[PDB]
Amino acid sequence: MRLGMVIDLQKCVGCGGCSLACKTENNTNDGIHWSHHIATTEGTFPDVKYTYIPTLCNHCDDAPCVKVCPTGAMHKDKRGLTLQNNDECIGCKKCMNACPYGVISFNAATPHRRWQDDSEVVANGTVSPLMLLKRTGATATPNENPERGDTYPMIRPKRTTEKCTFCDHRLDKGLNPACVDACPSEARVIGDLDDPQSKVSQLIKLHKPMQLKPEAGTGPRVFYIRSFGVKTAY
């Protein structure tokens, strides 16, 4: 089994809804986005092309982040996913240097520290992050998703790395990744690339698949098909 994702760039409108869904799903600290993007502008006016490429962990066939991890915290599971036992992460950052794609973040900052602020913009009138935290019963942020704790810390400790888990906790329940459900055009599809009849397997035979940095030799399993833009008419 080799789970992976196919992203249809013609369907994609570059809105970031996938990345925002990832924020709500996985309780990433402010500034940490497991799902993100690579956007480029090319050409000189008036012949200008803008392209948006959504990015995530490619859950590689030959993951360097796994090979360099001294504790074994970063590992492959039986679905082909690259996951992390956060409890065994010593924050050495070797995975970040080994990953060619820059999709791993390091919790140098105390996650959700801004919610400990108890100042009020209008005293005894407006509320505060800390008060809102107390009112809702949340531990770190009122937006924290408890589902995440099924398989991974809902709130990660400082001095650990983290990245896209392919919403493994949702897959365990037979559900879809949050970013897949969040896409208005159904541009994102996941499946078993070892199953020739899966939608993903058929998509990359029906369309020419493209990968990010295949020359790095990791065998990424996020594939891009088609084109964000179209050739200019007239």
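Residue numbers here begin at 1 and follow the sequence given.
Once the C-alpha B-factors are averaged per stretch, 35-43 and 65-73 rank with 65-73 first. Comparing 87-95 with 101-109, the stretch with the higher mean C-alpha B-factor in the PDB entry is 87-95. Per the PDB record, 198 has a higher Cα B-factor than any other of 198, 58, 176, 165.
When the C-alpha B-factors of 116, 141, 151, 119 are ranked from the entry, the top spot goes to 119.
Residue 145 sits in the lowest third of its chain by CA B factor, as recorded in the PDB entry. In the PDB entry, residue 18 places in the middle third of its chain by CA B-factor. For residue 226, the recorded CA B-factor ranks within the middle third of the chain. Only modelled residues enter the ranking. Remark: residue 9 belongs to the middle third of its chain, ranked by C-alpha B-factor as recorded. Among the modelled residues of its chain, residue 202 has a C-alpha B-factor that falls in the highest third, as given in the PDB entry.
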